Amino acid sequence: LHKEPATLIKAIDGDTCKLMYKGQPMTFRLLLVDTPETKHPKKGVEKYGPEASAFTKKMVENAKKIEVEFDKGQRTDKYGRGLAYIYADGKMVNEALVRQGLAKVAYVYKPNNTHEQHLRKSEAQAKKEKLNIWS
Ligand SMILES: Cc1cn([C@H]2C[C@H](OP(=O)(O)O)[C@@H](COP(=O)(O)O)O2)c(=O)[nH]c1=O
Ligand SMILES: [Ca+2]
């Protein structure tokens, strides 16, 4: 995979944000994970949703550098959101969230699953430690 620079425009929630990519604003959705919902009425504000948003927001807003890394399959979903692993100063937001128990490994669609095992080992550690979602 290859990392590419991006510029934070606006953090929306734990797993969705707007970034300037290739001189074009677009919303991105984190690959392989799912932070709780805070916008959709069908799900309501799920437990830990706000916590996940705050964690992500702090992480991306305080970064000197943001990079996006597409996987080997499709680069956008049906809603036109970019699908990537996002790094804030070299730290993967997707993993950071899972490690804290603020996200679950979800939507594993191949061939977009290069980092699946890494994220799963982190989720296991969070459950093991009974963190947030796993408390
Ligand atoms: C992470 C991801 C989400 N999605 C879709 C699945 C869900 O569609 P439906 O909305 O039709 O259920 C939605 C979940 O994202 P949200 O957590 O933003 O809702 O986005 C993909 O298509 N591919 C992906 O890799
Ligand atoms: Ca979500």
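- Header annotation of the entry names X-ray crystallography as the structure determination method and lists the resolution as 1.96 Å.

Some points on the site of ligand 1
Piece 1. The local shell around ligand 1 consists of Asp15, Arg29, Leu30, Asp34, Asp77, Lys78, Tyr79, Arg81, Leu83, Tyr107 and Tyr109.
Piece 2. Taking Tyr79, its side chain carries an N or O atom lying 2.9 Å from an oxygen atom of ligand 1.
Piece 3. Calculation on ligand 1 without its partners gives an accessible area of 550 Å², and the protein chains cover 75% of this total.
Piece 4. Here ligand 1 is seated within the largest pocket.

A word on the coordination of the calcium ion (ligand 2)
Piece 1. Binding of the calcium ion (ligand 2) to the protein goes through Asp15 (OD), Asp34 (OD) and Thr35 (O), at separations of 2.4 to 2.7 Å.
Piece 2. Counting residues between consecutive donors of the calcium ion (ligand 2) along the chain gives the motif D-x18-D-T. Summarising the burial analysis for this pair, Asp34 and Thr35 share the class buried.

Thoughts on the UniProt feature "binding site: Ca(2+)" in the protein
Piece 1. The residues that UniProt annotates with the feature "binding site: Ca(2+)" are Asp15, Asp34 and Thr35. The annotated residues occupy 21 residues of the chain but converge on a single region, no pair of C-alpha atoms lying more than 6.7 Å apart. Set against the largest cavity, the annotated residues named above that line it are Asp15.
Piece 2. Here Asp34 lies in strand β4 (residues 33-34).
Piece 3. Residue classification places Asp34 among the buried residues on the basis of a relative accessible area of 16%.
Piece 4. When sequence neighbours within four positions are dropped, the list of residues in contact with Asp34 reads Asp15, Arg29, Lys43, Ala103, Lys104, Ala106 and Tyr107.
Piece 5. Engagement of the side chain of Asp34 in a polar contact is seen with the side chain of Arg29, the distance being 3.2 Å.
Piece 6. Topologically, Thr35 is positioned in the loop between β4 and α1 (49-61).
Piece 7. When sequence neighbours within four positions are dropped, the list of residues in contact with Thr35 reads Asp13, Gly14, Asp15, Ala52, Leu97, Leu102 and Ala103.
Piece 8. There is a polar contact of 3.1 Å between the side chain of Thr35 and the backbone nitrogen of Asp15.

What about the pattern of salt bridges?
Piece 1. Following the criterion strictly, the structure yields 9 salt bridges and no others.
Piece 2. Here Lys47 and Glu51 are joined by a salt bridge, their closest N and O atoms 3.3 Å apart.
Piece 3. For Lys47, a relative accessible area of 54% corresponds to the exposed category.
Piece 4. Residue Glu51 is classed as partly exposed on the basis of its relative accessible area of 37%.
Piece 5. Taken together, the shared-partner salt bridges connect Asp15, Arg29 and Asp34 into one network.

Section: the environment of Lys128
Piece 1. Mapped onto the secondary structure, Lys128 falls in helix α3 (residues 116-128).
Piece 2. The sequence separation of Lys128 and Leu97 amounts to 31 residues, and the corresponding C-alpha distance is 15 Å.

Some words on the environment of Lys91
Piece 1. Within the secondary structure, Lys91 sits in strand β7 (residues 91-92).
Piece 2. Relative accessible area serves as the criterion here: at 47%, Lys91 is assigned to the partly exposed category.
Piece 3. Filtering out sequence-adjacent residues up to four positions away, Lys91 remains in contact with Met59 and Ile86.

What counts, and at which threshold
- Residues numbered from 1 in each chain as written, not as in the entry; some residues may be left out.
- Chains lettered and ligands numbered in written order.
- Heavy atoms only, no water.
- Near = heavy atom within 4 Å.
- Polar contact = N/O pair within 3.5 Å; in protein donor to acceptor, adjacent residues only side chain to side chain.
- Areas by Shrake-Rupley, 256 points an atom, 1.4 Å probe, with all protein chains shown as cover.
- 1 Å grid on protein atoms, 1.4 Å probe; cavity = no way out; pocket = protein on both sides within 12 Å on 5 of 7 lines; lining within 4 Å.
- Sits in = over half its atoms within 2 Å of the grid points.
- Donors = N, O, S within 2.8 Å, 3.2 Å for Na, K, Ca; no water.
- Buried < 20%, exposed > 50% of the residue type's maximum accessible area, 1.4 Å probe, protein only.
- UniProt positions renumbered as here; feature names shortened; annotations may be inferred.
- Helix = DSSP H or I, 4+ residues; strand = E, 2+ residues; numbered from the N terminus.
- Contact = heavy atoms within 4.5 Å.
- Salt bridge = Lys/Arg side-chain N within 4 Å of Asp/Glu carboxyl O.

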